[PDB]
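Coordinate inspection notes
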Amino acid sequence: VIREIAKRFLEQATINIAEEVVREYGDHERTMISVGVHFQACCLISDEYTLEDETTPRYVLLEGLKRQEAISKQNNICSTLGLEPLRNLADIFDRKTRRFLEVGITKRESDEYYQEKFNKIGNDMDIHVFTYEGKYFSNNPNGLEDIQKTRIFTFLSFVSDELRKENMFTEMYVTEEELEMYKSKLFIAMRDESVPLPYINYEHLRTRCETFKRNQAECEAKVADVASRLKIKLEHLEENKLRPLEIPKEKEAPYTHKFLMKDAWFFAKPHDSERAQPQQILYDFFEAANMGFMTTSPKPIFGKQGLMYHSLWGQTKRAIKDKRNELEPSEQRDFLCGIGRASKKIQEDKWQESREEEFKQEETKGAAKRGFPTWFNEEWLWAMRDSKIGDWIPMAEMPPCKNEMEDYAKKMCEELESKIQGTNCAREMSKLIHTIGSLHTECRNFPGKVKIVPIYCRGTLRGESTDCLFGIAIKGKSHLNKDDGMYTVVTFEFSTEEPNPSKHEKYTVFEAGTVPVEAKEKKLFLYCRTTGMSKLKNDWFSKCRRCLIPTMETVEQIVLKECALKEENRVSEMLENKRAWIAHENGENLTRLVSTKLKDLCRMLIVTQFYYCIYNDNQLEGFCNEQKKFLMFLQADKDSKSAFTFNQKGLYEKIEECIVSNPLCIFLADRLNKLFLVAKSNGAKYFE
Amino acid sequence: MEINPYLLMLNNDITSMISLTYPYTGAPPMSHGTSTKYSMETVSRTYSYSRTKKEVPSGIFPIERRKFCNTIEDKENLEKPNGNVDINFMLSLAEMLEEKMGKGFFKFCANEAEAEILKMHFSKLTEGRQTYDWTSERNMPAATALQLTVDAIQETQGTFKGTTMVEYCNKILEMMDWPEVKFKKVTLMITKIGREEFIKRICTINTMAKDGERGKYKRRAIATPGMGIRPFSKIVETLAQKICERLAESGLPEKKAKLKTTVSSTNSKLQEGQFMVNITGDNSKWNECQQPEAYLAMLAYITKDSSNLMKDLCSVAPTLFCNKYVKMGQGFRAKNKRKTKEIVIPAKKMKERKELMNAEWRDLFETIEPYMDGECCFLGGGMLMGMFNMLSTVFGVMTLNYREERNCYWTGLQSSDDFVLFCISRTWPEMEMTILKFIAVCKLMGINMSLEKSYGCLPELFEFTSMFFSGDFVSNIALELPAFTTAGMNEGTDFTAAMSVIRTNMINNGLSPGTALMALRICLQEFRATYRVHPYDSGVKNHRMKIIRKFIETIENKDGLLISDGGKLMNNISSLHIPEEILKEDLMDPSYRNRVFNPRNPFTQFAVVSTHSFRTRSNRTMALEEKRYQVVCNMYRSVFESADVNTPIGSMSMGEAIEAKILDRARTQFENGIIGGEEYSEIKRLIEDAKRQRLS
Amino acid sequence: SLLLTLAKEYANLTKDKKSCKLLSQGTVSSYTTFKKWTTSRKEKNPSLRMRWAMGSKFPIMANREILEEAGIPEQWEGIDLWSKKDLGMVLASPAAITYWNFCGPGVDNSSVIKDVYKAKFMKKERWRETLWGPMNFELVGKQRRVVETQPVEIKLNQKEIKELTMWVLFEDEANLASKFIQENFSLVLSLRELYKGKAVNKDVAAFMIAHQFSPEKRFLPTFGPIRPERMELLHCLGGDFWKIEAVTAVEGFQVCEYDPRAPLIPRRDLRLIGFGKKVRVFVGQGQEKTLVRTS
RNA sequence: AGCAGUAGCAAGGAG
RNA sequence: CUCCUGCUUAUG
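Residues numbered from 1 in each chain as written, not as in the entry; some residues may be left out. Chains lettered and ligands numbered in written order. Heavy atoms only, no water. Residues with missing side-chain atoms left out of burial classes, pairs and counts.

1. Concerning the pattern of salt bridges
Using the criterion set out here, one finds 73 salt bridges over all chains in the structure. The shortest N-O distance in the salt bridge between A:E193 and B:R65 comes to 4.0 Å. Here A:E193, found in the loop between helix 7 (188-191) and helix 8 (202-210), pairs with B:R65, found in strand 2 (residues 65-66), and the two come from separate chains. The class of A:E193 is buried, set by a relative accessible area of 17%. The partner of B:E55 in a salt bridge is B:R66, with the nearest N and O atoms 3.8 Å apart. You can see B:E55 sitting in strand 1 (residues 55-56) and its partner B:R66 sitting in strand 2, a full eleven residues away along the chain. Residue B:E55 is classed as partly exposed on the basis of its relative accessible area of 33%. The exposure class of B:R66 is buried, given its relative accessible area of 14%. (Salt bridge = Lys/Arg side-chain N within 4 Å of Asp/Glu carboxyl O. Helix = DSSP H or I, 4+ residues; strand = E, 2+ residues; numbered from the N terminus. Buried < 20%, exposed > 50% of the residue type's maximum accessible area, 1.4 Å probe, protein only.)

2. Some words on the protein's contact with RNA strand D
Around RNA strand D, 27 residues are found, and the nearest of them are A:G338, A:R341, A:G485, B:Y217 and B:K218. For RNA strand D, the backbone makes up 59% of the atoms found within 4 Å of the protein, where backbone means sugar plus phosphate. Residue B:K37 places a side-chain N or O atom 3.2 Å away from a sugar or linking oxygen belonging to RNA strand D. Contact distances for RNA strand D include 3.3 Å between a phosphate oxygen and a side-chain N or O atom of B:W361. For the surface near RNA strand D, the secondary-structure elements that each account for two or more residues are strand 13 (521-532) of chain A together with helix 1 (36-47) of chain B. Looking at which element gives the most residues to the surface near RNA strand D, the answer is strand 13 of chain A, with three residues. Each residue belonging to the surface near RNA strand D can be placed in one class, and the counts come to seven nonpolar, 13 polar and seven charged. (Near = heavy atom within 4 Å. Polar contact = N/O pair within 3.5 Å; in protein donor to acceptor, adjacent residues only side chain to side chain. Nonpolar A, V, L, I, M, F, W, Y, C, P; charged D, E, K, R; others polar.)

3. What about the sheet that holds strand 13 of chain A?
Residues and elements named next belong to chain A. Spatial strand order, 7-10-11-13-12: five strands in an open sheet with antiparallel pairing. Each edge of the sheet is formed by a strand with only one pairing partner; in this case those strands are strand 7 (452-455) and strand 12 (513-516). Mean inter-strand twist for the sheet, computed between neighbouring axes without regard to direction, equals 30°. The pairing of strand 12 with strand 13 spans four bridges and is classified as antiparallel. Across the sheet, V515 pairs through a bridge with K522, a residue of strand 13. Packing against the sheet, helix 11 (residues 307-321) makes contact with strand 7, strand 10 (471-474), strand 11 (488-495) and strand 13, and its axis sits at approximately 85° to strand 11. (Pairing = 2+ DSSP bridges. Axes fitted to C-alpha atoms, helices over the stretch in contact; angles between N-to-C directions. Contact = heavy atoms within 4.5 Å.)

4. Considerations on the domain arrangement of chain C
Its domain assignment divides chain C into domain 1 (1-40), domain 2 (41-108) and domain 3 (109-249). If you average the C-alpha positions of domain 2 of chain C and of domain 3 of chain C, the two centres end up 37 Å apart. (Domains from an automatic or database assignment.)

5. Section: the protein's contact with RNA strand E
Around RNA strand E sit 26 residues, and of these A:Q277, A:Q279, A:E442, A:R545 and B:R532 come closest. The sugar-phosphate backbone supplies 50% of the atoms of RNA strand E found within 4 Å of the protein. At 3.0 Å from a base nitrogen of RNA strand E is found a side-chain nitrogen or oxygen belonging to A:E442. In this structure, A:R458 approaches RNA strand E through a side-chain N or O atom, which is 3.2 Å from a phosphate oxygen. The set of elements that each furnish at least two residues to the surface near RNA strand E consists of helix 15 (424-445) of chain A together with helix 16 (513-530) of chain B. Of the residues forming the surface near RNA strand E, the biggest block, five residues, is contributed by helix 15 of chain A. For the surface near RNA strand E, a count of residues per class yields six nonpolar, ten polar and ten charged.

6. Remarks on the nonpolar core
Formed by 203 residues in total, the largest nonpolar core has its most connected members in A:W380, A:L601, A:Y611 and A:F630. If one sorts the elements of this core by residue count, helix 18 (residues 598-614) of chain A sits on top with twelve residues. The next biggest cluster of nonpolar side chains, apart from the first, holds 139 residues, and it includes B:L91, B:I153, B:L299 and B:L391. (Core = buried A, V, L, I, M, F, W, Y, C linked by side-chain atoms within 4.5 Å.)

7. Here's the deal with the side chain of B:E342
By the element assignment, B:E342 lies in strand 12 (residues 341-345). The buried charged residue B:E342 lacks any salt bridge partner; its closest oppositely charged side chain belongs to B:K335, at an N-O distance of 4.2 Å. Separated by 3.0 Å, the side chains of B:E342 and A:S343 make a polar contact. Those residues within four positions of B:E342 in sequence are excluded, and the remaining contacts are A:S343, A:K344, A:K345, A:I346, B:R333, B:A334 and B:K335. (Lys, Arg positive; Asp, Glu negative; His and termini not counted.)

8. Regarding the interface of chain A and chain C
Tallying the contact residues gives 41 residues for chain A and 34 residues for chain C. At the level of secondary structure, the elements contributing two or more residues to the side of chain A that touches chain C comprise helix 1 (2-9), helix 6 (147-165), helix 15, helix 16 (535-542) and helix 17 (548-566) of chain A. Element by element, the count of residues in the side of chain A that touches chain C is highest for helix 6 of chain A, at nine residues. Looking at the side of chain A that touches chain C residue by residue, the classes come out as twelve nonpolar, nine polar and 20 charged.

9. Here we look at unusual backbone geometry
Residue and element names in this part refer to chain A. Even without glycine at this site, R87 takes up a positive phi of about 65°. Position of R87 among the secondary structure elements: in the loop between helix 4 (70-77) and strand 2 (92-94). Despite not being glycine, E567 shows a phi value in the positive range, around 60°. Tracing the sequence through the fold places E567 in the loop between helix 17 and strand 14 (580-582).

10. Brief notes about the packing of aromatic side chains
Under the defined criterion, the tally for this structure stands at 57 aromatic pairs over all chains. Note on B:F105 and B:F106: the rings are 5.6 Å apart at their centroids and 50° apart in plane angle, and the pair reads as tilted. Taken individually, B:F105 and B:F106 each receive the classification buried, so the pair is uniform in this respect. Ring centres of B:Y295 and B:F395 lie 5.4 Å apart, and the angle between their planes is 40°; this geometry places the pair in the tilted category. Taken together, the residues B:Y295 in helix 9 (residues 292-298) and B:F395 in helix 13 (residues 392-399) connect sequence positions 100 residues apart. The residue whose ring lies beneath B:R66 is B:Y47, and the NZ or CZ to ring-centre distance is 5.4 Å. Positioned over the ring face of A:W351 is B:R353, at 4.8 Å from the centre of the ring. (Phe/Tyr/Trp six-rings, centres within 6.5 Å; stacked < 30°, edge-to-face > 60°. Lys NZ or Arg CZ within 6 Å of the ring centre and 35° of its normal.)

11. With respect to helix 9 (residues 218-227) of chain A
Buried within helix 9 of chain A we find A:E218, A:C219, A:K222, A:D225 and A:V226. Looking straight down helix 9 of chain A, one finds that the buried residues subtend no more than 120° of arc, so they occupy a single side. Residues A:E220 and A:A227 are exposed on helix 9 of chain A and point more than 90 degrees away from its buried face. Check the buried side of helix 9 of chain A and you find it contacts helix 2 (87-98) and helix 14 (428-445) of chain B. (Arc of directions from axis to C-beta.)

12. Examining the pairing of strand 13 of chain A
Inspection of the sheet shows strand 11 of chain A paired to strand 13 of chain A by eight bridges, in the antiparallel sense. Each residue of the ladder has a partner; that of A:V489, found in strand 13 of chain A, is A:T531.

13. So, the pairing of strand 15 (residues 418-425) of chain B
Residue and element names in this part refer to chain B. Most of strand 15 sits out of view: eight of its eight residues are buried. Where burial is concerned, the two faces of strand 15 agree: the one with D418, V420, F422 and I424 and the one with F419, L421, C423 and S425 are both buried. Sheet analysis places strand 9 (residues 275-282) next to strand 15, joined by eight bridges and oriented antiparallel. Each residue of the ladder has a partner; that of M276, found in strand 15, is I424. Inspection of the sheet shows strand 14 (residues 409-414) paired to strand 15 by six bridges, in the antiparallel sense. Looking at the pairing, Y409 lines up with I424 of strand 15.

14. A closer look at the sheet that holds strand 11 (residues 332-335) of chain B
Within the open sheet, the three strands sit side by side as 6(A)-12(B)-11(B). Their pairing is mixed. Only two strands of the sheet have a single neighbouring strand rather than two, namely strand 6 (344-346) of chain A together with strand 11 of chain B. Going across the sheet, the axis of each strand differs from the next one's by a mean of 30°, ignoring polarity. Pairing analysis gives four bridges linking strand 11 of chain B to strand 12 of chain B, with the strands arranged antiparallel. Bridge pairing links B:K335 to B:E342 in strand 12 of chain B.

15. Remarks on the domain arrangement of chain A
Residue and element names in this part refer to chain A. Segmentation of chain A into domains returns domain 1 (2-165), domain 2 (188-225), domain 3 (269-337 + 371-387 + 423-542) and domain 4 (579-680). Listed by partner, the interface residues are 17 residues for domain 3 and 16 residues for domain 4. Across the domain 3 to domain 4 interface the summed buried area is about 1,600 Å²; carbon plus sulfur atoms make up 81%. Counting the surface domain 3 buries against domain 4, the share from its top three residues, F376, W380 and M384, is 39%. Where domain 3 packs against domain 4, one counts zero salt bridges. At the boundary of domain 3 with domain 4, the tally comes to zero residue pairs in polar contact. Of all the elements in the fold, those that place two or more residues in the side of domain 3 that touches domain 4 are helix 13 (376-383), helix 15 and helix 16. When residues of the side of domain 3 that touches domain 4 are assigned to their parent elements, the largest contribution, five residues, is made by helix 13. (Buried area = accessible area lost by both parts, 1.4 Å probe.)

This is how it looks when you write it as structure tokens:
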């Protein structure tokens, strides 16, 4: 700010006088500060010792003054003595030296300014030039020994320090000795060419833009735009065409999660503090979970490749039997985890041309389309059903509370924490954290070496801290340079349920043996699946503990809105005596809902935030934008505000464009359609 | 029993049930391969939205030029987006804009902008995002790009004595007048380049793919410019920044109170039969329908009475946007029928290797060919991301302050690409007339409202910058989860920085208290999992808890330990502004307090409490210039012991005050101090020999 | 060093021609970009890289001579804590950090830490001696304000704060002695009797003086009274749907010119070789004149 | 094979 | 299709 710093170093009132001088000078910006400094320069020259005997002052100030009275006061001082001008208006007249008094203040070494002034006037005036640097380089008549020189060098070192504060070097320029851009040769032909079409040069465009006044033929072009429009708004009270979405009627989508949730079977043992690394847990479960009874037939039940999974499972079985997790190179691991399977990246240096031999080109296809899954409801209802193993997620402790709202937040953390630690979703989060954590540290510490990493958990059983074992995982020699890279993990899973060629489409299910189950001794199946994680996907799945933040944010928004509108501390009974409508039945939907308690609601919220943490693709993102749009339409239905839309054709083209094969997206689209069916029972903006 | 979560919306609002529909817990989408087809769709779509054929050939550049203003060929489907601007219409909107508030509006705002350009140092150009350095033709941070640009100035002809914005810009135009520029390549061979390649290189803007963008199925390309376009864009963003701060219907710098004042104010100006309908609108293709020729027309009108310097200095960056080049990424690939051998064709050989492309690639390539360079593309009407954002909002204020003359009108609020319009009228066919007049003024000026993503109601039920406003209640911005734990520096700056992020999201956003305690406990848990430290009562036995479990009887007061050293949590929601050490130093043992806080430690030697600050080892996979420059940094920091705090003033010389400083403190420490001839005469001989060696 | 070898390394490391093209013939401005120049581009995932670093065996670059002066190579059961690889800087484990934290030497530095961080210990004392009460559970809301949030008693404006520390610790290259500085020069006269003899580093001194005096102005949503003591606890006292509060309570010298052959006597002897002499003064960054005392 | 979606990874060199 | 190559000891 010019005015703020100019009121810092320069005086208070002198700003207004110098600004008046600029108001009498012209369209000039920087010179204010210079003239202001110059005025205080004269204030430091002609204030205290101005020839007090004969009080009519030695320094006749007729430079910084109103441009009316310099001729009159000049004709009132010089009417007694009488002098001669020196081709320029004098700054300050004098009668003790009987000469003029010139004042100039400069930045540089004062030689060139004084020689150009020597070209203008010579030294026939009384020249006074003061430098910011500290050079009294002026005419031979001088001040005697006064503090006018000392205070003016203090003042110019002062103001020059202010110039060195805020980078003011190209700002103290006198106009005769800043407002000119460097008029080059090729830019002046560049700006003249980039004008609009009815213009010739930038000069004509600049004068026409300086000489523009508006007209009332604007509305002629505006109404002329309204006439060729052919656009009408589309209401909802008469044309409620909110039709259900086109879920594709094709083959059912397969089970595409990296691990198993509901078809899993595990072996438990008491956990020891010393044996804690995943290789030692793998060895202790090699003595615990008996691989001696793990006989696999060479014929799979279904699938594609059976011999390589048999030789690979036997190879890792005797590999763990020798207590070292590094598979020796054979054809099985050279076939499963890809070694030598990549395209030869050849640059454009030689091409070895040939007459229609290796004719190369490019091709892209897209993504394959699937249909609505039916296996997702039982995994949802299992995913919020209690398992007796207790705490699964390793949550930290509670800080000590004051007499503040920390009893409220402690109550909410202890109740919601006490409800989510027992569900199966916490078991799956523990599975992803421990398994993908160990696989991630193996992807750092040993590239190029195939490891054998178990798939396990750790939970409290009958008070005693136990651990489990779900599967056997095989790393695929990750060389992770960038965020992608897609290393291949081979997964051998343990299952206690019979397979399904409709759901388990990506497996090669074998038969393993028998398991005793207490309540006779049921079967045991082994699953096989090749898959691939990624480096960014290891950080986003290895940190899947942070799903409690939107869940508890949603529950706490409900409770704080409720006690925000009831104006009374009703929390501990509101968390018990408040219903939430979920889970309409299969045969009927018309106003047949299930009101549940709020604890099952936060169970379902941690379920849907976990399934949001798994299945994040492009399609879920764009579908979540469009379902926020239809949620705004349903809020427009809840108050009968008579909303409207301009084009309802391309909207469903964009929604039906972004639903291809993601099972969570198809499921939320179908349940959104059933939400429109329930909303059709009360409000009228929808179809059947 | 079937199950449905969205039934929660049957008896609540949407202010509480909207974080349920944000998937901000999973992985963000990434791009793959090349970013060529995206840029070709942007440029070919930009020429396909120009609605013209009238070409003017160029004598400077060897490529053709297609005009964009006042050359319209009115197709029947006007709802398809157009890229044509009527300059008389928008200048009429400028006079209609400034006649509402004041008379000397552009003169006062242009004097406020003119006051704060001359007092700007050019190191402000280095406080930006990643730019495109043209020395090696790569993407570098701005300090290295200005380093190589200033090194090119001092390497080609003369030295640099600017230290301002204006003399640096005039130095760039002086480089545009130079016939041959010599810079450094590869081990530093100094090569030369002519005149036309310098103009083809100074107008080069690199396009890559936007990574980590939540909300699109199809990817969108982002573009970063060079360095020789940036400071003029800083000038235009300061001018339009002061214009947008002076206005009253813009929200670029409170975004909540202004909508309360326009709803409460414009509902208080109704008749006995008129009413209000608000429409949420979202402009599509906003980066392809804002031509810089309209910025050249308006910025010749804002600066009609400003100066002679600013009148010429605010009409330079729109020209460089009027002849800008667009990079092509890095090409494509080709493979045989066996899908084993795959050659890589770069963007250079795309002209010769046209016969190896798909149907979509040849559809986007045959309609883009006569505007192509040998390595780049030509664009003269686009305005991509990473460009003027504070100036199109001025156009948005211009369209929302239109006077058509009953007594029916509109108002609202504008953002980067979100606008909320409040219509006041009498009947529904007159609502069709006023909304179609808003589509008329936006369609004539060059703002294409999307018809698929726009709606409205009678009361406030609108969308603006992802904050859904209901009739009475107000939703917040959905918070980014991964910003909680991205400190990764120290055992001391991972937890206190996490409490600072929880603090600023508690003050800025809503962030209800139990959610904040839960997030603090989760970040505590990942802190304990990262540095492998657990409490003493747990039976964890790893390579650090053996020493802590072994020596637990030496510590008398058990809560005086630290979290990173084997203690439990004592920070709370009411203790986020206080770190753990300052909360716990009143309960430590004196052997522990004297033991941990030793500055004679093998880890710190070689803005929180520094007692665990270790440096991890660097990686194993331009290195002389950092050696010499950091020798200058350690030297000048070693001479002036307090110089990283204050700005280093004084530009006559560095080493003269260095030599007079070693004489100053050698004489200062000498004369009532050392007193010995060989040390003072020895340092005198070294300084004199260094001066005679340097100055010659 | 002790300022005896700085001229030798100044002599030997200014033997280059391009360093002479930079220094005193090039860009003094680019030192402001020399301080922030390094090739560390973005570090897009620093905590992931720290998890990979702590997953190795010896990630830490630690000093050698102190821990070989005091520490032990291997602990009581096989915990490796050392390396023999390389300059003279030895890799190590965080078990050596906790071993230093439990079996290390002790140095009395209570007054040092309890004098550097006085603002935050004052925040601990002002947080310890407050009292809360019941809640409200009612609607609340107010616009955003620009509030200075710290109980300071000087209240400078972020421009005299750099200039104070520069005009306390090293007054030579500092800044102007301005017109808003005469009362601040009485503050310098009161503060030169404090920060003269200390064992504190000068950047830490600029940290504690730059923090114990500055009212930090922010743009925050406030409500109720805007007293500056209850504004740093803004995050705890109220939210959006709830509210809780129950708080009841000497160089007076001058210079003249540049010409005379002054005696080479700097500011260290500016008082005894003061009056009646044209004694030269070297002002900091290069502005050195010859001095005459003015009454 | 597989990950993945509008194009890349699934080691590198020589024949 | 054929032929030749490598260290990083991982603990809720």
